[PDB]
Each structure stands twice: as structure tokens, then as C-alpha cells.
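Below is my_file00.cif, holding mmCIF, C-alpha atoms.
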```
data_structure
loop_
_atom_site.group_PDB
_atom_site.id
_atom_site.type_symbol
_atom_site.label_atom_id
_atom_site.label_comp_id
_atom_site.auth_asym_id
_atom_site.auth_seq_id
_atom_site.Cartn_x
_atom_site.Cartn_y
_atom_site.Cartn_z
ATOM 1 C CA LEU H 95 0.000 0.000 0.000
ATOM 2 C CA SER H 96 3.014 2.316 0.292
ATOM 3 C CA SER H 97 3.811 1.954 -3.429
ATOM 4 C CA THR H 98 0.352 3.110 -4.581
ATOM 5 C CA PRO H 99 1.643 6.422 -6.064
ATOM 6 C CA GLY H 100 4.156 4.317 -7.991
ATOM 7 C CA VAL H 101 1.432 2.208 -9.607
ATOM 8 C CA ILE H 102 -0.723 5.246 -10.433
ATOM 9 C CA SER H 103 2.095 7.321 -11.956
ATOM 10 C CA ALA H 104 3.202 4.339 -14.042
ATOM 11 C CA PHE H 105 -0.329 3.820 -15.361
ATOM 12 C CA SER H 106 -0.668 7.361 -16.719
ATOM 13 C CA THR H 107 2.370 7.037 -19.004
ATOM 14 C CA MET H 108 1.290 3.526 -20.012
ATOM 15 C CA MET H 109 -2.074 5.051 -20.963
ATOM 16 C CA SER H 110 -0.378 8.151 -22.430
ATOM 17 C CA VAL H 111 1.348 6.150 -25.215
ATOM 18 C CA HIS H 112 -2.093 5.047 -26.418
ATOM 19 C CA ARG H 113 -2.302 8.640 -27.697
ATOM 20 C CA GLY H 114 1.028 10.199 -26.626
ATOM 21 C CA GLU H 115 4.293 11.004 -28.314
ATOM 22 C CA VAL H 116 7.173 10.947 -25.726
ATOM 23 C CA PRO H 117 7.740 14.731 -25.672
ATOM 24 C CA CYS H 118 10.741 16.746 -26.765
ATOM 25 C CA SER H 119 13.402 18.817 -24.981
ATOM 26 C CA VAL H 120 14.799 22.045 -26.454
ATOM 27 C CA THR H 121 17.359 23.405 -23.965
ATOM 28 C CA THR H 122 19.179 26.429 -25.406
ATOM 29 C CA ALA H 123 18.425 29.846 -23.848
ATOM 30 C CA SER H 124 15.762 32.440 -22.924
ATOM 31 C CA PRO H 125 12.345 31.964 -24.601
ATOM 32 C CA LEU H 126 12.179 33.420 -28.101
ATOM 33 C CA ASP H 127 9.404 34.844 -30.258
ATOM 34 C CA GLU H 128 6.288 33.047 -31.450
ATOM 35 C CA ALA H 129 7.347 32.460 -35.076
ATOM 36 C CA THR H 130 10.307 30.300 -34.055
ATOM 37 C CA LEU H 131 8.091 28.183 -31.790
ATOM 38 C CA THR H 132 5.328 27.515 -34.323
ATOM 39 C CA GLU H 133 7.860 26.558 -37.001
ATOM 40 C CA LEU H 134 9.419 23.805 -34.890
ATOM 41 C CA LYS H 135 5.956 22.635 -33.816
ATOM 42 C CA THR H 136 4.985 22.267 -37.495
ATOM 43 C CA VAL H 137 8.092 20.431 -38.689
ATOM 44 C CA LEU H 138 8.104 17.985 -35.746
ATOM 45 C CA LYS H 139 4.500 17.152 -36.642
ATOM 46 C CA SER H 140 5.873 15.968 -39.999
ATOM 47 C CA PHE H 141 8.323 13.648 -38.200
ATOM 48 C CA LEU H 142 5.951 11.623 -36.006
ATOM 49 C CA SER H 143 3.769 10.262 -38.878
ATOM 50 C CA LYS H 144 1.386 8.692 -36.360
ATOM 51 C CA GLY H 145 -1.625 11.042 -36.162
ATOM 52 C CA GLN H 146 -0.932 12.148 -32.592
ATOM 53 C CA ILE H 147 -0.763 15.731 -31.317
ATOM 54 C CA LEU H 148 2.753 16.097 -29.907
ATOM 55 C CA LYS H 149 3.488 17.698 -26.547
ATOM 56 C CA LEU H 150 6.732 19.494 -25.795
ATOM 57 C CA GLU H 151 8.754 21.033 -22.971
ATOM 58 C CA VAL H 152 11.276 23.887 -23.074
ATOM 59 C CA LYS H 153 14.108 24.212 -20.550
ATOM 60 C CA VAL H 154 16.649 27.000 -20.039
ATOM 61 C CA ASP H 155 20.325 26.054 -19.849
ATOM 62 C CA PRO H 156 22.928 28.769 -20.559
ATOM 63 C CA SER H 157 25.959 26.448 -20.499
ATOM 64 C CA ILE H 158 25.423 25.705 -24.190
ATOM 65 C CA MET H 159 27.026 28.627 -26.024
ATOM 66 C CA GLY H 160 24.817 29.408 -29.010
ATOM 67 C CA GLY H 161 23.270 26.144 -30.153
ATOM 68 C CA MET H 162 20.398 23.853 -29.199
ATOM 69 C CA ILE H 163 19.875 20.142 -28.589
ATOM 70 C CA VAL H 164 16.619 18.487 -29.655
ATOM 71 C CA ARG H 165 15.323 15.039 -28.701
ATOM 72 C CA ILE H 166 12.357 13.320 -30.366
ATOM 73 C CA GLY H 167 11.569 10.376 -28.151
ATOM 74 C CA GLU H 168 14.898 8.548 -28.286
ATOM 75 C CA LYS H 169 16.564 10.307 -31.235
ATOM 76 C CA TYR H 170 18.638 13.246 -29.885
ATOM 77 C CA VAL H 171 20.023 15.352 -32.700
ATOM 78 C CA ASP H 172 22.758 17.717 -31.587
ATOM 79 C CA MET H 173 23.838 21.213 -32.632
ATOM 80 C CA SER H 174 25.593 22.745 -29.651
ATOM 81 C CA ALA H 175 28.959 23.628 -28.056
ATOM 82 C CA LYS H 176 30.253 20.126 -28.955
ATOM 83 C CA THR H 177 31.250 21.660 -32.299
ATOM 84 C CA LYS H 178 33.919 23.436 -30.258
ATOM 85 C CA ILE H 179 35.062 20.099 -28.821
ATOM 86 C CA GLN H 180 35.388 18.859 -32.424
ATOM 87 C CA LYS H 181 38.422 21.184 -32.732
ATOM 88 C CA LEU H 182 40.695 18.394 -31.470
ATOM 89 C CA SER H 183 41.405 17.728 -35.160
ATOM 90 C CA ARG H 184 43.736 20.728 -34.896
ATOM 91 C CA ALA H 185 45.587 18.771 -32.170
ATOM 92 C CA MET H 186 44.994 15.024 -32.525
ATOM 93 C CA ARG H 187 44.928 15.431 -36.351
ATOM 94 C CA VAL Q 7 28.471 25.531 -38.429
ATOM 95 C CA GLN Q 8 30.405 27.299 -41.176
ATOM 96 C CA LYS Q 9 29.836 30.623 -39.408
ATOM 97 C CA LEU Q 10 31.409 29.015 -36.350
ATOM 98 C CA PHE Q 11 34.151 27.664 -38.625
ATOM 99 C CA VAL Q 12 35.355 31.012 -40.026
ATOM 100 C CA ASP Q 13 35.383 32.381 -36.464
ATOM 101 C CA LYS Q 14 38.146 29.845 -35.803
ATOM 102 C CA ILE Q 15 39.997 30.904 -38.984
ATOM 103 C CA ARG Q 16 39.959 34.509 -37.761
ATOM 104 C CA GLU Q 17 41.693 33.645 -34.488
ATOM 105 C CA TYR Q 18 44.380 31.600 -36.242
ATOM 106 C CA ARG Q 19 45.396 34.642 -38.284
ATOM 107 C CA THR Q 20 45.620 36.886 -35.221
ATOM 108 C CA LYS Q 21 47.876 34.185 -33.792
ATOM 109 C CA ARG Q 22 49.922 34.491 -36.991
ATOM 110 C CA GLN Q 23 50.513 38.192 -36.319
ATOM 111 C CA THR Q 24 53.420 37.923 -33.884
ATOM 112 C CA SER Q 25 56.208 40.339 -32.943
ATOM 113 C CA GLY Q 26 57.520 39.013 -29.626
ATOM 114 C CA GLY Q 27 56.952 35.316 -30.211
ATOM 115 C CA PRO Q 28 55.502 33.419 -27.242
ATOM 116 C CA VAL Q 29 53.055 35.793 -25.565
ATOM 117 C CA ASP Q 30 51.444 33.263 -23.195
ATOM 118 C CA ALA Q 31 54.553 31.149 -22.553
ATOM 119 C CA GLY Q 32 56.722 33.718 -20.793
ATOM 120 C CA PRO Q 33 59.731 32.409 -18.887
ATOM 121 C CA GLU Q 34 58.099 29.015 -18.299
ATOM 122 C CA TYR Q 35 58.458 27.725 -21.863
ATOM 123 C CA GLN Q 36 61.733 29.602 -22.337
ATOM 124 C CA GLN Q 37 63.496 28.006 -19.365
ATOM 125 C CA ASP Q 38 62.066 24.584 -20.214
ATOM 126 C CA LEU Q 39 63.111 23.925 -23.819
ATOM 127 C CA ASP Q 40 66.467 25.640 -23.325
ATOM 128 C CA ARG Q 41 67.192 23.284 -20.430
ATOM 129 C CA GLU Q 42 65.556 20.341 -22.203
ATOM 130 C CA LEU Q 43 67.730 20.548 -25.318
ATOM 131 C CA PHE Q 44 70.909 21.104 -23.290
ATOM 132 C CA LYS Q 45 70.022 18.015 -21.264
ATOM 133 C CA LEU Q 46 69.545 16.209 -24.583
ATOM 134 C CA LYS Q 47 72.629 17.698 -26.257
ATOM 135 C CA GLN Q 48 74.661 16.464 -23.288
ATOM 136 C CA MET Q 49 73.428 13.005 -24.280
ATOM 137 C CA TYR Q 50 73.840 13.806 -27.988
ATOM 138 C CA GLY Q 51 77.418 15.063 -28.346
ATOM 139 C CA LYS Q 52 79.694 18.130 -28.247
ATOM 140 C CA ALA Q 53 79.804 19.120 -31.923
ATOM 141 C CA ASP Q 54 80.062 22.617 -33.367
ATOM 142 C CA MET Q 55 77.788 24.198 -35.967
ATOM 143 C CA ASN Q 56 80.334 24.451 -38.799
ATOM 144 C CA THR Q 57 83.582 22.754 -37.664
ATOM 145 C CA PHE Q 58 84.209 19.884 -40.053
ATOM 146 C CA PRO Q 59 86.211 17.036 -38.477
ATOM 147 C CA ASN Q 60 89.586 15.895 -39.768
ATOM 148 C CA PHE Q 61 92.182 13.667 -38.116
ATOM 149 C CA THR Q 62 94.652 10.843 -38.669
ATOM 150 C CA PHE Q 63 95.393 7.447 -37.145
ATOM 151 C CA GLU Q 64 98.580 5.515 -36.428
ATOM 152 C CA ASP Q 65 98.862 1.924 -37.624
ATOM 153 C CA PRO Q 66 100.818 -0.734 -35.699
ATOM 154 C CA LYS Q 67 104.574 -0.924 -36.178
ATOM 155 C CA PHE Q 68 105.109 -4.225 -37.985
ATOM 156 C CA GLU Q 69 108.168 -5.476 -36.107
ATOM 157 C CA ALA Q 70 110.233 -8.606 -36.723
ATOM 158 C CA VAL Q 71 112.162 -11.194 -34.714
ATOM 159 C CA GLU Q 72 115.068 -13.585 -35.229
ATOM 160 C CA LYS Q 73 115.079 -17.380 -35.467
ATOM 161 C CA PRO Q 74 118.260 -19.274 -36.412
ATOM 162 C CA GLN Q 75 117.435 -22.172 -38.709
ATOM 163 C CA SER Q 76 119.852 -23.514 -41.352
#
```

Output the structure of this file as C-alpha cells.
Amino acid sequence: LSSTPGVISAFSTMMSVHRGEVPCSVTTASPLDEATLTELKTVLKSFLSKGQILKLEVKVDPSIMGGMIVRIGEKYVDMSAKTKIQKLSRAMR
Amino acid sequence: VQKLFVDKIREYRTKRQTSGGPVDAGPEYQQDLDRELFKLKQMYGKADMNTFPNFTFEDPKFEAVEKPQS
């Protein structure tokens, strides 16, 4: 009976996937204007191809210099400060 | 990422513009490689920059002995 919030919280995500989409994570900076948000919400709709209205979360993390990381479920494209760590080709060659 | 790329190419050319050599090294890199090469040249050999070597050698004196036979 102690683990009853564990069973309930598991059941919502198990029932979510019957219509849900495993939401995204865009963690770059301060929130931007509306035209940049609606454009990413209308290209990610073209990626699901499952007839399900995607949900999304935005987080603020200033440690990334000027780029953004985007995850779609378990996909995780990357355009961030790791293009500065790819400058080891000037050293390791 | 090309706009990030040319930003790197800019800072390589300002590193090309040098007039005093090592700006960030200071005496640390100057006292190191001067003492490192002299520790390696002591293991290498005492040879000058333009003195060509020339010498001669002495062969053994082919002596003889005596032996009375017939």
C-alpha cells in the first residue's frame, strides 16, 4: 500500500502512449518569439507520422554557447557547443 | 556551423601576427626547452655548428724477430 503512487504514476504514461508522443526537450536559452516556436511545432508534426498531437517542454540552460539540442523520443540530434570540442582535429589530427 | 568555422579561422590569423613570439609562454616555456635541449645535447654530443672534423690514425709498427734455422 506504500507503493500506490508508484502504480498510479506508471499507469498514466502507459495510458499516455495510447495517444502520446514521448515529448521533446529544447534546452538552449531564454524563450524566443512566437514564429520560431510555431515553425518547430509544425516540422516535428511531420516527423511523427502517427496522427498524434505532440506535446513538448522547453528548458533554459545557458551552459550551451549558441546552439540547441533536440530530442524526439529517443533520437537526440545535436547542434551545440560540442562543435567546439570537435576542434581536437587541430591537435589530434 | 560554417559561421562558427570562419570564427576559428579569424583567431588563427591573429595568432599568426606575432612580434615578440611566445606571448602566453613567458619564462616558463623559455626556461624549459632551453634546459631540455641542453640536457639532450649532453646526451647527444659536443659538436660545433660548422667545424668539419679531420684527423689521422697511427697503424701498428710491424716489427720482426730472429730465429736461427739452417

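Within 9 Å of residue 157 (chain H), once only C-alpha atoms are used and residues closer than 5 positions along the same chain are dropped, the contacting residues are residues 122, 123 and 175 of chain H.
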
Grab all the atoms of region 38-43 of chain Q that the file lists, wrap them in a box along x, y and z, add 3 Å per side, and give me centre plus edge lengths in Å (one decimal) as JSON.
```
{"center_x": 64.9, "center_y": 23.0, "center_z": -22.8, "size_x": 11.7, "size_y": 11.3, "size_z": 11.1}
```

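Using the PyMOL selection byres ((chain H) within 12 of (chain Q)) on this structure selects residues 159, 160, 161, 172, 173, 174, 175, 176, 177, 178, 180, 181 and 184 of chain H.
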
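Distances from H:134, H:179, H:163, H:185 to residue 119 (chain H) were compared using all atoms listed in the file, and the smallest one belongs to H:163.
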
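The interatomic distance for the pair CA of residue 104 (chain H) and CA of residue 139 (chain H) works out to 26.0 Å.
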
Report task. Counting all atoms listed in the file, note down every residue that has an atom within 10 Å of the point (-5.1, 13.0, -28.4) (file coordinates), as a ChimeraX atom specification. Result -> /H:110-115,145-149

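A straight line drawn from CA of residue 171 (chain H) to CA of residue 183 (chain H) is 21.7 Å long.
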
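Applied to this file, the PyMOL selection byres ((chain H and resi 135) around 12) selects residues 117, 118, 120, 128, 129, 130, 131, 132, 133, 134, 136, 137, 138, 139, 140, 141, 142, 147, 148, 149, 150, 151 and 166 of chain H.
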
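Picture a line from CA of residue 106 (chain H) to CA of residue 153 (chain H); it runs 22.7 Å.
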
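Those residues positioned at most 12 Å from (15.2, 32.5, -19.8) are residues 121, 122, 123, 124, 125, 126, 152, 153, 154, 155 and 156 of chain H, judged using all atoms listed in the file.
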
For the selection you just gave me, I'd like the residues written to a file as a PDB file, keeping the file's coordinate frame, keeping C-alpha atoms.
```pdb
ATOM      1  CA  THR H 121      17.359  23.405 -23.965  1.00  0.00           C
ATOM      2  CA  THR H 122      19.179  26.429 -25.406  1.00  0.00           C
ATOM      3  CA  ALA H 123      18.425  29.846 -23.848  1.00  0.00           C
ATOM      4  CA  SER H 124      15.762  32.440 -22.924  1.00  0.00           C
ATOM      5  CA  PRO H 125      12.345  31.964 -24.601  1.00  0.00           C
ATOM      6  CA  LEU H 126      12.179  33.420 -28.101  1.00  0.00           C
ATOM      7  CA  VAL H 152      11.276  23.887 -23.074  1.00  0.00           C
ATOM      8  CA  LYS H 153      14.108  24.212 -20.550  1.00  0.00           C
ATOM      9  CA  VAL H 154      16.649  27.000 -20.039  1.00  0.00           C
ATOM     10  CA  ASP H 155      20.325  26.054 -19.849  1.00  0.00           C
ATOM     11  CA  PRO H 156      22.928  28.769 -20.559  1.00  0.00           C
TER      12      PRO H 156
END
```

Could you add N, CA, C and O atoms to region 52-63 of chain Q and give me the result as a PDB file, in the coordinates of the input?
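Result file is part_28.pdb:
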```pdb
ATOM      1  N   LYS Q  52      79.128  16.781 -28.205  1.00  0.00           N
ATOM      2  CA  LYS Q  52      79.694  18.130 -28.247  1.00  0.00           C
ATOM      3  C   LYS Q  52      80.267  18.375 -29.642  1.00  0.00           C
ATOM      4  O   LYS Q  52      81.454  18.162 -29.889  1.00  0.00           O
ATOM      5  N   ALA Q  53      79.410  18.835 -30.552  1.00  0.00           N
ATOM      6  CA  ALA Q  53      79.804  19.120 -31.923  1.00  0.00           C
ATOM      7  C   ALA Q  53      79.416  20.546 -32.276  1.00  0.00           C
ATOM      8  O   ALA Q  53      78.338  21.014 -31.900  1.00  0.00           O
ATOM      9  N   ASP Q  54      80.297  21.229 -33.004  1.00  0.00           N
ATOM     10  CA  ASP Q  54      80.062  22.617 -33.367  1.00  0.00           C
ATOM     11  C   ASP Q  54      79.096  22.712 -34.548  1.00  0.00           C
ATOM     12  O   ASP Q  54      78.673  21.710 -35.132  1.00  0.00           O
ATOM     13  N   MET Q  55      78.749  23.952 -34.900  1.00  0.00           N
ATOM     14  CA  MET Q  55      77.788  24.198 -35.967  1.00  0.00           C
ATOM     15  C   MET Q  55      78.409  24.141 -37.357  1.00  0.00           C
ATOM     16  O   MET Q  55      77.702  23.825 -38.320  1.00  0.00           O
ATOM     17  N   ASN Q  56      79.700  24.439 -37.488  1.00  0.00           N
ATOM     18  CA  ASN Q  56      80.334  24.451 -38.799  1.00  0.00           C
ATOM     19  C   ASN Q  56      81.737  23.860 -38.820  1.00  0.00           C
ATOM     20  O   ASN Q  56      82.384  23.907 -39.871  1.00  0.00           O
ATOM     21  N   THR Q  57      82.229  23.306 -37.714  1.00  0.00           N
ATOM     22  CA  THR Q  57      83.582  22.754 -37.664  1.00  0.00           C
ATOM     23  C   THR Q  57      83.556  21.344 -38.241  1.00  0.00           C
ATOM     24  O   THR Q  57      83.044  20.406 -37.631  1.00  0.00           O
ATOM     25  N   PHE Q  58      84.111  21.198 -39.439  1.00  0.00           N
ATOM     26  CA  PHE Q  58      84.209  19.884 -40.053  1.00  0.00           C
ATOM     27  C   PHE Q  58      85.359  19.102 -39.425  1.00  0.00           C
ATOM     28  O   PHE Q  58      86.438  19.658 -39.195  1.00  0.00           O
ATOM     29  N   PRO Q  59      85.165  17.818 -39.139  1.00  0.00           N
ATOM     30  CA  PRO Q  59      86.211  17.036 -38.477  1.00  0.00           C
ATOM     31  C   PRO Q  59      87.234  16.483 -39.460  1.00  0.00           C
ATOM     32  O   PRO Q  59      86.920  16.095 -40.588  1.00  0.00           O
ATOM     33  N   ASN Q  60      88.482  16.455 -38.999  1.00  0.00           N
ATOM     34  CA  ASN Q  60      89.586  15.895 -39.768  1.00  0.00           C
ATOM     35  C   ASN Q  60      90.668  15.448 -38.800  1.00  0.00           C
ATOM     36  O   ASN Q  60      91.031  16.194 -37.887  1.00  0.00           O
ATOM     37  N   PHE Q  61      91.181  14.237 -39.006  1.00  0.00           N
ATOM     38  CA  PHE Q  61      92.182  13.667 -38.116  1.00  0.00           C
ATOM     39  C   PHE Q  61      92.936  12.575 -38.859  1.00  0.00           C
ATOM     40  O   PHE Q  61      92.700  12.318 -40.042  1.00  0.00           O
ATOM     41  N   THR Q  62      93.854  11.935 -38.140  1.00  0.00           N
ATOM     42  CA  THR Q  62      94.652  10.843 -38.669  1.00  0.00           C
ATOM     43  C   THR Q  62      94.821   9.778 -37.594  1.00  0.00           C
ATOM     44  O   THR Q  62      94.600  10.023 -36.405  1.00  0.00           O
ATOM     45  N   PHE Q  63      95.217   8.586 -38.029  1.00  0.00           N
ATOM     46  CA  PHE Q  63      95.393   7.447 -37.145  1.00  0.00           C
ATOM     47  C   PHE Q  63      96.748   6.802 -37.393  1.00  0.00           C
ATOM     48  O   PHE Q  63      97.288   6.858 -38.502  1.00  0.00           O
TER      49      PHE Q  63
END
```
